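Taken one at a time, structure 1 and structure 2 that follow are two forms of one protein chain, written as structure tokens.
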Structure 1
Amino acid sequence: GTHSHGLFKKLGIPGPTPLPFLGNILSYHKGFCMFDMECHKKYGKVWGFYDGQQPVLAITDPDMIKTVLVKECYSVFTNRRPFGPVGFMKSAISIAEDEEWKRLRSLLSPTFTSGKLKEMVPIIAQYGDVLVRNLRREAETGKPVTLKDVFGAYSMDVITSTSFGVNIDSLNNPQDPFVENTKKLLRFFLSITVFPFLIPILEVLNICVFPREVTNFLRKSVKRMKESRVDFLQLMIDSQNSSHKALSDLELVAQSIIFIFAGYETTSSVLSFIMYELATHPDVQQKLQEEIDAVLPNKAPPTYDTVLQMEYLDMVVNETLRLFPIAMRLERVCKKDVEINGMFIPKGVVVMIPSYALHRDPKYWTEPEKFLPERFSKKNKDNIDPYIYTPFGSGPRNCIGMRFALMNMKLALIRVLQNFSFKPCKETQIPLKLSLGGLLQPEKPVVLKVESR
């Protein structure tokens, strides 16, 4: 089981010696992030390891990262590593490959523009009101608040409503049909990465890592609203009634599902990360709350243009994403033999960009382990390399919902800080530790005290 296990030794590329069949997966016992920082420290700018028999080439040179993510995206590095068994979710944009992804990116792009986001803000604002009343409830109880529930309820509230046009107080309504389905769906893989040779077997088995009932539920659910108002689902329906063939009925369901996966636990974790940093830095929480009340006096409701007016809110969000890039890694499959910036890359290799390691690299960040929003001040922001700081990826296949995610979090933070201050309690994990999973998340959930202003 050492096929390809001599690839990096042949290329002269350093890296940890793999074991037969397993590759270097045993080193993942301390997590992706610790493994990336160690390899970066041990082997320098480039190194290779094996997910089972799959060679993975890590790169850290920003010139080389730009070549992979931007310049050679369409011709060489178009796709992420295969993920399955997907079934009909093969039509999702994040799973699609080559021309099929290229077409999906074109049809969905006008839906994620600045203009469309401003027309969705009044919807996001309503769920912000739900977040505040769900928070002040647990605030009544002096007993501390585990944020992942009230924030996860908010994160799922917005993302499924926008993606499917429904309305739910998901916390106070565990009964709505569009809730229980989305709940078991968002509960989420191993040997599919270590042993990806089984995926074709798993596919023909009719196996779907997505539950079979939820997918059949959402399909008939979207067909319900065909018989008919500014949401992801609605903006995609308008794209059908328009070059590329329009989004099919099944493709449309695939995109709405993939938006919930890319948006639920991602937003919920960053919101818990942000509030942990604001609780352990009262001055930053004070300076932020003072900015919100200046832009929005008398607890004025937030709007699209006022959110972009809050520079310190943008600095706090960006600095949290540097410390906690929940994707941890960016990956591209080398579709054909190429040489970039004076280095040969063999066809089939997975090229990985260790975002977590690069975000905490002392060579680019003074005291990289400290939460310091002034790194993103208008003075100091010009020194940050866009290919070192990559919380939303980069190039033509970056996070297409990036603008929305930032708006959605900022809108939640404004509505929460306008009403509450946040302090740590005796059970808050200080220092916070990271869980060893496929998304960067706090090891133990963030528990904080929530006082009412």
Structure 2
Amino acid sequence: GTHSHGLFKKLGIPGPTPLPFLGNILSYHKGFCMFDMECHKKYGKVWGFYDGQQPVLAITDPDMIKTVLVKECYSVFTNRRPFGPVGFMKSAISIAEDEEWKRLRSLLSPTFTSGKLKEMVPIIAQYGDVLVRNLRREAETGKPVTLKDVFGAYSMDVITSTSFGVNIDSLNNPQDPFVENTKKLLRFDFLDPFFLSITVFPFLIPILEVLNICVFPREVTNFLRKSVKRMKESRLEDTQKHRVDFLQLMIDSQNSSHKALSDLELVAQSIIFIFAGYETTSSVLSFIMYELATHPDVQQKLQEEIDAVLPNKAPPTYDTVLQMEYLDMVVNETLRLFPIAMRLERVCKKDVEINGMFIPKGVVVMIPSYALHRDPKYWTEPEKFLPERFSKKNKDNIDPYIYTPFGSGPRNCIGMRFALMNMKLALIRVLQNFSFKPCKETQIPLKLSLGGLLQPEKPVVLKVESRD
């Protein structure tokens, strides 16, 4: 069982000594972030470890990161770490490899332009108003408020309407078929027993694929495949009600070099957009409101900036959202402290030599975002929430390969601008109406989960008083 455990020694690369069969997974007992921080302060700029038999090489040099993420992306570092069983979701752009990905990224790029986003802003803002009416019902009743519930329902409303044109107040329709299914698309905890078992027994993945066992649950995928079918037909009939959702943008793409999106590929992308945006958006928004509640000074200044740009609670628009600097600064600093990706990864497909370091075929090159976002070498007082880092005066010292909450290069986050616009639109409408103060039962300082997802240990609960 000590087959490949000798790689990093032959190359002279340091790291924690692995155990037979297990590799270094027992060190994940405090999550990915704490393991990366510990390895960083312990072994320096580069180190190696083993997820079972799989070797992983961590890199922290911003010149080296640029070579992996940008310069040699097509040639060597094109794909992410394999995982499964994935079934047909192999066709999702985030999972596809080599030429299949390059084609899918080429097909989906016009869907995420600033023009299509501009046409989605009125839809997103509608549920910012819905978010305020539900927040006010929990504010006129003096009761502590679980953020991820009210931000989860907001993210759900934005997803259903901007990806399928389905318009629901999901907080008050918890058993609409579209809401209960979409709510089941929970992010993967790679440290739970099932995924840790697969990590230790990767040879069992082909056995699960032949039995049609899938990490994306069949019941939800079957419901969306048929729902897309019914919408693709009905949209052909009533063809006067113009739509501006991802489904409609992808339906149109099939009406043109590359092959057009197949009907199954189209479903795969629609599903992966939900996974990408649903718990991510609500998690970040909760992190933001925590930092705003623990720093009343920052919250007031943002509320003053919003009222200067949008007097009299004027509705946020596309151009006015991008106008607010302190809002962008608050969002960025919160993502520095809580980069929910935790890591960026690329599989080394060829025996390569970059920046003087030899990297052999099969190694997973990893960029530890959570650690680099808190590295004293680039951030003074990294544990403190200080949005002034991202002011126009100081944003020249921020290295774009140390700060990668959306990745970088050709395979970065394709929904970055959408996610930023979505979160800011929510933040503006919420702060125009409310202020957020800690409870007695608020966890200060916030503690992170020991699991495989960057989320609070306990839910963030805050008191919400109206600005009336």
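C-alpha atoms forming the largest set that superposes within 1.5 Å between two forms make up the rigid core. Each residue is numbered by where it sits in the sequence of structure 1, with counting from 1.
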- Fix the rigid core, compare C-alpha positions between the two structures, and report which of 260, 194, 333, 235 shifts by 2 Å or more. 194
- Superposing on the rigid core, is the CA of residue 438 displaced by 2 Å or more between the two structures? yes
- Item | Rigid core superposed, the C-alpha shift at residue 161 between the two structures in Å | 2.2
- Query: In Å, how large is the CA movement of residue 428 between the two structures relative to the superposed rigid core?
  - Reply: 0.5
- Item | Core-fitted comparison between the two structures - CA shift at residue 181, Å | 1.1
